[PDB]
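K.L.:
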Amino acid sequence: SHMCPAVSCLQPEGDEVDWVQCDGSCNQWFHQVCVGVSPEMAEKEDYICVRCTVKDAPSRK
Ligand SMILES: [Zn+2]
Ligand SMILES: [Zn+2]
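Just so you know, we're using my numbering here: the sequence shown kicks off at 2 and counts up by one.
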């Protein structure tokens with residue numbers, strides 16, 4: 002169950018639903034249901050998880 006590093010890990014039949022790769026700074030694959038990806042962001046394939054946002058290192062912190 003380490004192939005998807007997510008606390009709120011919604012597990013279907015396994016290879017049932019559609020996934021998404023959070024590139025950002027982790028590149029870990031999550032099911033859309035697992036991390037609740039809105040179909041707009043999922044269409045854009047653009048889902049940056051909390052770790053990637055908080056370890057993005059902005060121009061002001
Ligand atoms: Zn999961
Ligand atoms: Zn990420």
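Even for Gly, the Cβ is constructed at its ideal location relative to N, Cα and C.
Between the beta-carbon of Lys56 and the beta-carbon of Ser26, is there less than 8 Å?
P.N.:
Taking the first residue of the sequence shown as position 1, residue 56 is located at position 55. Taking the first residue of the sequence shown as position 1, residue 26 is located at position 25. It is a contact, given that the beta carbons lie within the stated cut-off.
K.L.:
In the DSSP assignment, the alpha helix (DSSP H) including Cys53 goes from what residue to what residue?
P.N.:
By 1-based counting over the sequence shown, the position of residue 53 is 52. Its alpha helix (DSSP H) spans residues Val51 to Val55.
K.L.:
Beta-carbon separation of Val38 and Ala7 under 8 Å?
P.N.:
Numbered from 1 along the sequence shown, position 37 holds the residue referred to as residue 38. Numbered from 1 along the sequence shown, position 6 holds the residue referred to as residue 7. Against a cut-off of 8 Å, the Cβ pair of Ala7 and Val38 comes out as no contact.
K.L.:
Applying the criterion that 16 or more other CB atoms from any shown protein chain within 10 Å of the CB defines a buried residue, is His3 buried or exposed?
P.N.:
What you label residue 3 is simply residue 2 of the sequence shown in a count that begins at 1. With fewer than 16 Cβ atoms within 10 Å of its Cβ, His3 is classed as exposed.
K.L.:
When DSSP builds the beta bridges, which residues end up paired with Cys5?
P.N.:
One-based indexing of the sequence shown puts residue 5 at position 4. None, per the DSSP bridge assignment.
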